[PDB]
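Next up is one chain by itself, shown in structure tokens, the form deposited without its partner chain.
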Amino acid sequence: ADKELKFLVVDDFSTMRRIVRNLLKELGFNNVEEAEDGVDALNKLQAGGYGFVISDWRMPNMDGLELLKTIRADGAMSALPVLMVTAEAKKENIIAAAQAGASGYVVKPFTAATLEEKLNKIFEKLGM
């Protein structure tokens, strides 16, 4: 995938944002921004330029499902790759996020390899 692709990592806890950010760096992605919740993420997305979004689920103000539904419902970013990286592991949740339009879904804790696979799987599905 184009290494200049701009990523937006969303999670209410920095620890996870730092993990995702550093992993993207390893894969060759340095154009990466962060966000602490759904609202904060929509704001930055509003500032245009993003081509991929990795997001957590449980977050205050606006959670990950709501954020995914928002992105998908907006014609200016409806096809925006959204990879869910959450600790929510119940199948009723994986179904909800998948049905809402999730590009992928990874459960915490995850390995470096798992993230790369799931990311490459997205790039492959969308021809990136």
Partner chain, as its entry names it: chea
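Positions refer to the first chain, counted from 1.
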| item | value |
| --- | --- |
| Higher-B stretch (mean Cα B-factor, as the entry records it), 98-106 or 76-84 | 76-84 |
| Out of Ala47, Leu68, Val53, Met59, highest CA B-factor residue | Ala47 |
| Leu24 - which third its CA temperature factor falls in, relative to the rest of the chain | highest |
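Below, we turn to the form solved in complex with its partner chain, even though it does not appear here.
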{"item": "In the deposited complex, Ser55 touching its partner chain (heavy atom, 4.5 Å)", "value": "no"}
{"item": "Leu27, heavy atom within 4.5 angstroms of its partner chain in the deposited complex", "value": "no"}
